[PDB]
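Asker: Got structure_12.txt for you, compact mmCIF, C-alpha atoms:
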```txt
# COMPACT_ATOMS: atom_id res chain seq x y z
CA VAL A 2 0.00 0.00 0.00
CA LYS A 3 1.12 3.54 -0.76
CA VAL A 4 1.12 6.41 1.76
CA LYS A 5 0.37 9.61 -0.21
CA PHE A 6 1.56 12.82 1.46
CA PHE A 7 3.04 16.25 0.77
CA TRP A 8 6.56 17.07 2.00
CA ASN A 9 8.36 20.22 0.99
CA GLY A 10 5.04 21.29 -0.82
CA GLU A 11 5.52 18.39 -3.24
CA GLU A 12 3.59 15.20 -3.54
CA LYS A 13 5.33 12.02 -2.21
CA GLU A 14 4.24 8.33 -2.26
CA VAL A 15 5.89 5.71 -0.06
CA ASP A 16 5.23 2.02 0.17
CA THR A 17 4.31 0.94 3.68
CA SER A 18 6.75 -2.02 3.25
CA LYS A 19 9.55 0.59 3.51
CA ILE A 20 8.29 2.16 6.77
CA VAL A 21 10.55 1.30 9.71
CA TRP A 22 9.34 3.58 12.52
CA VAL A 23 5.99 5.15 13.38
CA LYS A 24 4.85 7.62 16.06
CA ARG A 25 1.70 9.48 16.95
CA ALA A 26 1.98 13.28 17.27
CA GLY A 27 -1.37 14.84 18.10
CA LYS A 28 -3.73 14.21 15.18
CA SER A 29 -0.77 13.20 12.96
CA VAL A 30 1.19 9.98 12.38
CA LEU A 31 4.93 10.48 11.85
CA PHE A 32 6.93 7.90 9.99
CA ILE A 33 10.44 7.13 8.89
CA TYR A 34 11.03 5.00 5.81
CA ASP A 35 13.98 3.42 4.10
CA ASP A 36 14.76 5.71 1.15
CA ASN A 37 17.27 3.65 -0.94
CA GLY A 38 19.31 3.05 2.24
CA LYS A 39 18.89 6.56 3.89
CA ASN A 40 16.13 7.92 6.22
CA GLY A 41 13.13 9.50 4.64
CA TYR A 42 10.56 11.38 6.75
CA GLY A 43 6.85 11.97 6.43
CA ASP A 44 3.61 12.58 8.21
CA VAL A 45 -0.08 12.19 7.54
CA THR A 46 -3.18 12.93 9.60
CA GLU A 47 -4.65 9.89 11.43
CA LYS A 48 -7.92 10.49 9.46
CA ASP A 49 -6.09 10.35 6.07
CA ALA A 50 -3.78 7.48 7.02
CA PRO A 51 -4.10 4.23 5.18
CA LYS A 52 -5.28 1.51 7.50
CA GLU A 53 -2.05 -0.41 6.89
CA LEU A 54 -0.15 2.49 8.46
CA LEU A 55 -2.63 2.67 11.31
CA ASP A 56 -2.01 -1.04 11.83
CA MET A 57 1.72 -0.34 12.19
CA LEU A 58 1.02 2.35 14.75
CA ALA A 59 -1.32 0.07 16.64
CA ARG A 60 1.38 -2.62 16.83
CA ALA A 61 3.89 -0.07 18.06
CA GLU A 62 1.49 1.21 20.70
CA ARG A 63 1.45 -2.32 22.06
CA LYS B 1 34.50 16.10 21.14
CA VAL B 2 35.53 12.91 19.32
CA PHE B 3 35.02 10.09 21.85
CA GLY B 4 37.07 6.97 21.94
CA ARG B 5 35.07 3.74 21.59
CA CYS B 6 35.43 2.58 25.18
CA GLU B 7 35.19 6.14 26.52
CA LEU B 8 31.82 6.47 24.79
CA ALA B 9 30.69 3.04 25.93
CA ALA B 10 31.39 4.01 29.59
CA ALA B 11 29.56 7.34 29.20
CA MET B 12 26.55 5.73 27.54
CA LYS B 13 26.42 3.10 30.36
CA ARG B 14 26.48 5.80 33.02
CA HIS B 15 23.67 7.56 31.18
CA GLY B 16 21.48 4.43 31.39
CA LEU B 17 21.51 3.23 27.78
CA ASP B 18 22.54 -0.37 28.52
CA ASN B 19 19.37 -2.45 27.86
CA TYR B 20 17.31 0.81 27.35
CA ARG B 21 14.11 -0.44 25.73
CA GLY B 22 15.82 -3.84 25.41
CA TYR B 23 18.84 -2.52 23.43
CA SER B 24 22.16 -3.64 24.86
CA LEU B 25 24.99 -1.14 25.15
CA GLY B 26 26.84 -2.23 22.01
CA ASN B 27 23.84 -1.24 19.86
CA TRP B 28 24.23 2.39 20.94
CA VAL B 29 27.99 2.42 20.51
CA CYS B 30 27.73 0.81 17.06
CA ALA B 31 25.04 3.33 16.04
CA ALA B 32 27.18 6.29 17.17
CA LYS B 33 30.17 4.91 15.27
CA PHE B 34 28.32 4.76 12.01
CA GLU B 35 26.23 7.90 12.44
CA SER B 36 28.93 10.32 13.56
CA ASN B 37 32.25 8.48 13.90
CA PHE B 38 31.96 9.23 17.62
CA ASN B 39 32.05 13.00 16.96
CA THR B 40 29.65 15.08 19.01
CA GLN B 41 30.03 18.00 16.62
CA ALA B 42 28.96 16.16 13.47
CA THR B 43 26.28 17.84 11.39
CA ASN B 44 24.78 16.75 8.07
CA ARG B 45 22.09 18.32 5.99
CA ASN B 46 19.24 15.99 4.70
CA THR B 47 18.05 16.56 1.17
CA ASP B 48 14.65 17.57 2.58
CA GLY B 49 15.92 20.68 4.37
CA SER B 50 16.35 19.21 7.79
CA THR B 51 19.76 18.63 9.43
CA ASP B 52 21.12 15.87 11.61
CA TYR B 53 23.10 16.79 14.74
CA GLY B 54 25.53 15.18 17.13
CA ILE B 55 26.86 11.78 18.06
CA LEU B 56 23.56 10.13 17.18
CA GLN B 57 22.67 12.41 14.21
CA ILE B 58 19.32 13.50 15.54
CA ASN B 59 17.08 15.20 12.98
CA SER B 60 15.77 18.78 13.16
CA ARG B 61 12.28 18.11 11.78
CA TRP B 62 10.93 16.49 14.92
CA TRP B 63 13.40 16.51 17.77
CA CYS B 64 15.31 19.81 18.13
CA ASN B 65 15.05 23.35 16.83
CA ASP B 66 17.71 24.74 14.44
CA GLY B 67 15.71 27.79 13.25
CA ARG B 68 15.78 26.89 9.60
CA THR B 69 13.63 23.67 9.35
CA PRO B 70 10.00 24.11 8.26
CA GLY B 71 7.42 22.38 10.42
CA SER B 72 9.69 21.83 13.42
CA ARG B 73 8.09 19.93 16.30
CA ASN B 74 10.97 20.23 18.72
CA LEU B 75 9.84 17.16 20.73
CA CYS B 76 13.04 17.11 22.83
CA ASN B 77 12.53 20.86 23.60
CA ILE B 78 16.15 21.80 22.86
CA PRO B 79 18.15 23.83 20.33
CA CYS B 80 19.94 21.46 17.98
CA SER B 81 23.22 23.04 19.16
CA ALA B 82 22.70 21.26 22.47
CA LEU B 83 23.27 17.99 20.62
CA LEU B 84 26.84 19.14 19.71
CA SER B 85 28.11 19.46 23.25
CA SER B 86 30.99 17.46 24.65
CA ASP B 87 28.50 16.43 27.36
CA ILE B 88 26.27 13.77 25.84
CA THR B 89 23.35 14.33 28.22
CA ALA B 90 21.10 16.14 25.71
CA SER B 91 21.74 13.59 22.97
CA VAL B 92 21.07 10.67 25.31
CA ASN B 93 17.89 12.12 26.63
CA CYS B 94 16.65 12.89 23.14
CA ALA B 95 17.61 9.38 21.90
CA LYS B 96 15.60 7.87 24.73
CA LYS B 97 12.50 9.73 23.47
CA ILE B 98 13.05 8.58 19.92
CA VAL B 99 13.23 4.90 21.06
CA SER B 100 10.36 5.34 23.75
CA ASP B 101 8.00 5.20 20.71
CA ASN B 103 9.63 2.34 17.78
CA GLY B 104 13.16 1.27 18.56
CA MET B 105 16.52 1.81 17.07
CA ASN B 106 15.10 1.41 13.58
CA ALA B 107 14.93 5.20 13.62
CA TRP B 108 18.71 5.29 12.88
CA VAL B 109 19.82 4.50 9.33
CA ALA B 110 23.31 3.52 10.57
CA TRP B 111 21.82 1.11 13.05
CA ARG B 112 19.60 -0.55 10.37
CA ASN B 113 22.42 -0.69 7.86
CA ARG B 114 25.48 -1.54 9.96
CA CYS B 115 24.47 -2.75 13.41
CA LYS B 116 21.21 -4.72 13.31
CA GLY B 117 21.85 -8.45 13.06
CA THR B 118 25.57 -8.15 13.91
CA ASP B 119 27.63 -9.05 16.96
CA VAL B 120 27.09 -5.57 18.52
CA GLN B 121 28.66 -6.63 21.88
CA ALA B 122 32.00 -6.57 19.97
CA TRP B 123 31.75 -2.78 20.22
CA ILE B 124 32.11 -2.95 24.03
CA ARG B 125 34.62 -5.81 24.36
CA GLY B 126 37.94 -4.79 25.97
CA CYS B 127 36.30 -1.82 27.69
CA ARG B 128 36.38 -1.04 31.43
CA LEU B 129 32.65 -0.72 32.29
```
Once you've parsed the file, please lay out its structure as structure tokens.
Answerer:
Amino acid sequence: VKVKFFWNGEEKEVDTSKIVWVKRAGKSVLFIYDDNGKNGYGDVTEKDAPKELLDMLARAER
Amino acid sequence: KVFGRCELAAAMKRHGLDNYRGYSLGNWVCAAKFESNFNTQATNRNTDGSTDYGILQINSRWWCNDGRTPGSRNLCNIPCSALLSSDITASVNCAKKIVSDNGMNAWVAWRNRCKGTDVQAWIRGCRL
């Protein structure tokens, strides 16, 4: 599944299979992904988040 | 300050990183090696406009304020310059927040160079 989000004004898409770290911040979900062997960053609102990403956050939150 | 390997190990142990969130001391040492080469003053711009700071290369988007990163959350409530000190306290405390919501997967150097390896090798020979 893709996570569609804007980052530096510009439209990004990241596969959830590349996400390695997830955190809730208010009404947003922060995530780090493997970007061809470097860290990439993003965020999306919890209401816009694909359920696959919400699943990752739920697993992290125990 | 450029720490020696065992010098850093001892400092990280005193700061409570050994087994912090289940990560044994060598994980932290190994991550510092590959993030910063043990140099507290290391800084590196990310292509997205953020910058990474200090011995653990902590990023300015979420953790610290550098004054020039859009959308800064400053979750560690510190200037990024605090992460460059010879005293590792600010970096350790910020690292603990990063891992307390998860793990060391936040660090590219840890994923790429440390995970799955004999990380206790990084603390062998050290007086701890």
Asker: Would you mind telling me which residue in A:21, A:54, A:30, A:45 lies nearest to chain B when using all atoms listed in the file?
Answerer: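 Of all the options, A:21 lies closest to chain B.
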Asker: Go through chain A and flag each residue having an atom no more than 8 Å from chain B; for those, report the closest pair of atoms plus their distance in Å to one decimal, using only C-alpha atoms, ordered by chain and rising number, as a tab-separated table.
Answerer:
```
residue	atom	partner	partner_atom	distance
A:9	CA	B:48	CA	7.0
A:21	CA	B:106	CA	6.0
A:22	CA	B:103	CA	5.4
A:23	CA	B:103	CA	6.4
A:24	CA	B:101	CA	6.1
A:33	CA	B:107	CA	6.8
A:35	CA	B:109	CA	7.9
A:38	CA	B:109	CA	7.3
A:39	CA	B:109	CA	5.9
A:40	CA	B:109	CA	5.9
A:61	CA	B:103	CA	6.2
A:62	CA	B:101	CA	7.6
```
Asker: Select, from A:14, A:7, A:37, A:32, the residue with the minimum atom-to-atom distance to residue 58 of chain A, counting all atoms listed in the file.
Answerer: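 Ranking A:14, A:7, A:37, A:32 by distance to residue 58 of chain A, first place goes to A:32.
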Asker: Quick one: of B:37, B:51, B:118, B:89, who's nearest to residue 72 of chain B, counting all atoms listed in the file?
Answerer: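 Of B:37, B:51, B:118, B:89, the one nearest residue 72 of chain B is B:51, counting all atoms listed in the file.
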Asker: Measuring between only C-alpha atoms, which one of A:63, A:10, A:56, A:26 shows the shortest distance to residue 44 of chain A?
Answerer: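 The shortest atom-to-atom distance to residue 44 of chain A comes from A:26.
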